[PDB]
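Values below: all heavy atoms of this structure, side chains included; hydrogens, waters and symmetry mates excluded. By convention here, the first residue in the shown sequence is residue 1.
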Amino acid sequence: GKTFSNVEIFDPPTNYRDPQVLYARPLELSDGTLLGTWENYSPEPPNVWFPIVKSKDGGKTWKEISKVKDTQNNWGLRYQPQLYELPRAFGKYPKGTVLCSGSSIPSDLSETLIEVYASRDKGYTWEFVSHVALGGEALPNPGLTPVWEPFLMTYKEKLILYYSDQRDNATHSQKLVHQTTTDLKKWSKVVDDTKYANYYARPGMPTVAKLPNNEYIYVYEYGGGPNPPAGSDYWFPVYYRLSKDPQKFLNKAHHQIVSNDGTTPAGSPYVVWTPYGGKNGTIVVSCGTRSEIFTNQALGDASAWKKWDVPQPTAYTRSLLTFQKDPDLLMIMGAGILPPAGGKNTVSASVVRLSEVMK
Ligand SMILES: OC[C@@H]1O[C@@H](OC[C@@H]2NC[C@H](O)[C@H]2O)[C@H](O)[C@H]1O
Ligand SMILES: [Mn+2]
Ligand SMILES: [Mn+2]
Ligand SMILES: [Mn+2]
Ligand SMILES: [Mn+2]
Ligand SMILES: [Mn+2]
């Protein structure tokens, strides 16, 4: 069988710094290998690194094969890792190169620097490729200037790196932006993806999926979004936008995700699309405050979101992966909750079938 529930990937040493682990990310390579990583809050020195685990049995068993280290700044690779496999060449990096992007940050949290590292051997070694975006102090506070949370996706001849940006600090507490590259070395001018006139709004945490009608869905948490629930003055509801050109989300209408029973997912979302489920396939969304998955088999029609229980627990920026050879299979991967985590975070995953979950 290919399904499983709550398989532990990593349990941190107990002296790791709260939250110990956070921010799990998976990747399927073209050969069917899975890689995984997370924020690893080790005692420093040595400077923090992103661990790389590998599974050859679809996620049932794992072992660490390498570490992505900061070779440039003597700071560490600290926050918000993201794994991605090149589907075509970009300059001297061929199809099948594995990228790991993430934020290099000194221990004192005084600066943020989104980096790209690359592996030419399917995750065993790593090379620094380029600096993408420099920002200020790594606290999510209005008026500071950090950058955060890279997400990578190819569009035609460009590679796009989407992220969260506090550098327009007199006009937007945070906004969402991207840069593009054709050689992985030279990055374009910053392009705005989503921003709000209310200074205190904090759209954040962008992920993107391609739909079979040639549109793309862009998903984010809308910090400061309307209608906070009772006893809250500020919340992070999951919103999305749809676009044929994934460089042009800024001008598209926004949509809150609300399931048929009225459930309003909030926090640190993650989107994928699978061909499973008919001609429109199935859009699958997780959020970081509930355990259910949210699905849409109507190309993002705002009236068509459904909610389903799964065995994997609630986690901050819980992530998703669809399997190339069986679109019915869905991996759900997490690394626990925001600090204070009480020593209890672990990295774990489940693999479910949508054909079974969606009843
Ligand atoms: O990943 C570690 C985490 O990052 C910091 O939060 C960043 C904010 N998350 C939502 C917004 O998009 C961004 O400002 C936090 O301090 C750490 O725990
Ligand atoms: Mn243990
Ligand atoms: Mn433990
Ligand atoms: Mn593949
Ligand atoms: Mn439920
Ligand atoms: Mn079964």
Enumerate the residue pairs fulfilling side chain to side chain donor-acceptor pair (under 3.5 Å) with a member in residues 230-240, sequence neighbours excluded, ordered by first and then second residue. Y240-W305
What I'd like to find out is whether the side chain of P94 reaches to under 4.5 Å of the side chain of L86, using heavy atoms alone. no
For the pair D193 (side chain) and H178 (backbone), establish whether a donor and an acceptor sit closer than 3.5 Å, ignoring hydrogens and angles. yes
Run the ring-ring contact (aromatic ring centres under 6.0 Å, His included) test against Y196 and tell me which residues pass, sequence neighbours left out. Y222, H254
Please find the pair of heavy atoms, one from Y79 and one from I105, that lie closest to each other, and give the distance. CD1-CD1, 3.3 Å
Just by distance, do the side chain of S119 and the backbone of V98 share a donor-acceptor pair under 3.5 Å? no
Using a distance-only test with no angle check, is there a side-chain donor-acceptor pair under 3.5 angstrom linking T3 and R353? no
Between the side chains of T145 and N169, does any donor sit under 3.5 Å from an acceptor? no
Donor-acceptor pair, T112 side chain versus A138 backbone, under 3.5 Å? no
Are any of the side-chain heavy atoms of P313 and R318 separated by less than 4.5 Å? no
Scan side-chain atoms only and decide if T154 and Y84 contain a donor-acceptor pair under the 3.5 Å cut-off. yes
As a quick check of understanding, evaluate side-chain hydrogen bond (donor to acceptor under 3.5 Å, both in side chains) for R25 and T317, giving each step before the final call. CA-CA 9 Å; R25 289 290 187 267; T317 196; 2.8 Å; yes
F249: what forms a ring-ring contact (aromatic ring centres under 6.0 Å, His included) with it, not counting sequence neighbours? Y218
Between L211 and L242, is any pair of side-chain heavy atoms under 4.5 Å apart? yes
More than 12 foreign heavy atoms under 6.0 Å from NZ of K122: is that the case here? no
Hey, are the side chains of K60 and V7 touching, using non-hydrogen atoms and a 4.5 Å cut-off? no
Could you tell me whether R88 sits above the aromatic face of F90, with NZ or CZ closer than 6.0 angstrom to the six-membered ring centre and within 45 degrees of the axis? yes
N/O donor-acceptor pair under 3.5 Å between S350 side chain and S5 backbone: no
Looking only at atom types and distance, does a side-chain atom of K344 sit under 3.5 Å from a main-chain N or O of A341, one as donor and one as acceptor? no
Heavy atoms of other groups near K306 NZ, more than 12 under 6.0 Å: yes
Check for a donor-acceptor pair, side chain of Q166 on one end and backbone N or O of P140 on the other, with a separation under 3.5 Å. no
Any side-chain heavy atom of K195 sitting closer than 4.5 Å to one from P203? no
Smallest separation among heavy atoms of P212 and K279, with atom names: CG-O, 3.8 Å
More than 12 non-hydrogen atoms from neighbouring residues, nucleotides or ligands closer than 6.0 Å to CG on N74, yes or no? no
Can you confirm whether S66 sits close enough to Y124 that some side-chain heavy atom of one is under 4.5 Å from a side-chain heavy atom of the other? no
What pair of heavy atoms forms the shortest contact from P237 to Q256, and how long is it? CB-NE2, 4.0 Å
What I'd like to find out is whether the side chain of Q82 reaches to under 4.5 Å of the side chain of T207, using heavy atoms alone. no
For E115 and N73, test the side chains for any donor-to-acceptor distance below 3.5 angstrom and give the result as yes or no. yes
Only one of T282, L330, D309 passes side-chain contact (heavy atoms from CB on, under 4.5 Å) with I293; say which it is. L330
Stepwise side-chain hydrogen bond (donor to acceptor under 3.5 Å, both in side chains) test for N40 and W38: CA-CA 6 Å; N40 192 70; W38 58 89; 3.0 Å; yes
State which residues pass side chain to side chain donor-acceptor pair (under 3.5 Å) with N198; sequence neighbours excluded, sorted by chain then number. none
With sequence neighbours left out, write down each residue that passes side chain to side chain donor-acceptor pair (under 3.5 Å) with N345, or none if nothing qualifies. none
Under 3.5 Å, side chain of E149 to main-chain N/O of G204, donor-acceptor pair present? no
Heavy atoms, side chains only, cut-off 4.5 Å: are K156 and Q247 in contact? no
With distance as the sole test, does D168 use its side chain to make a donor-acceptor pair with the main-chain N or O of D165 at under 3.5 Å? no
Test item: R167 side-chain N/O and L134 main-chain N/O as donor-acceptor pair under 3.5 Å: yes
Side chains of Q80 and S103: do they bring a donor and an acceptor to under 3.5 Å? no
Surrounding NZ of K252 (heavy atoms of other residues, nucleotides or ligands, distance under 6.0 Å), is the total greater than 12? yes
Using only heavy-atom distances, determine whether the side chains of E111 and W75 contain a donor-acceptor pair under 3.5 Å. no
Please name all residues satisfying ring-ring contact (aromatic ring centres under 6.0 Å, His included) with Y216, sequence neighbours left out, ordered by chain then number. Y155
Short side-chain donor-acceptor distance under 3.5 Å, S243 and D245: no
Smallest separation among heavy atoms of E39 and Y41, with atom names: OE1-OH, 2.6 Å
After noting the C-alpha distance and the side-chain angles of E127 and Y93, does the key distance pass the side-chain hydrogen bond (donor to acceptor under 3.5 Å, both in side chains) rule? CA-CA 11 Å; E127 85 174 74; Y93 303 94; 3.0 Å; yes
Using the salt bridge (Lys or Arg N to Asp or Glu O under 4.0 Å) rule, take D326 and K2 through it: C-alpha gap first, then chi angles, then the decisive distance, then the call. CA-CA 10 Å; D326 189 348; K2 301 189 161 284; over 6 Å; no
Would you name the heavy atoms of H131 and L113 that are closest together and state the gap between them? ND1-CD2, 3.8 Å
Any donor and acceptor pair, going by atom type alone, linking the side chain of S348 with main-chain N or O of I9 inside 3.5 Å? no
Can you establish whether the number of heavy atoms outside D31 located under 6.0 Å from its atom CG is more than 12? yes
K244, NZ atom: more than 12 neighbouring heavy atoms under 6.0 Å: yes
What I want to find out is whether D183 reaches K185 closely enough, with some N-O distance under 4.0 Å, to be called a salt bridge. no
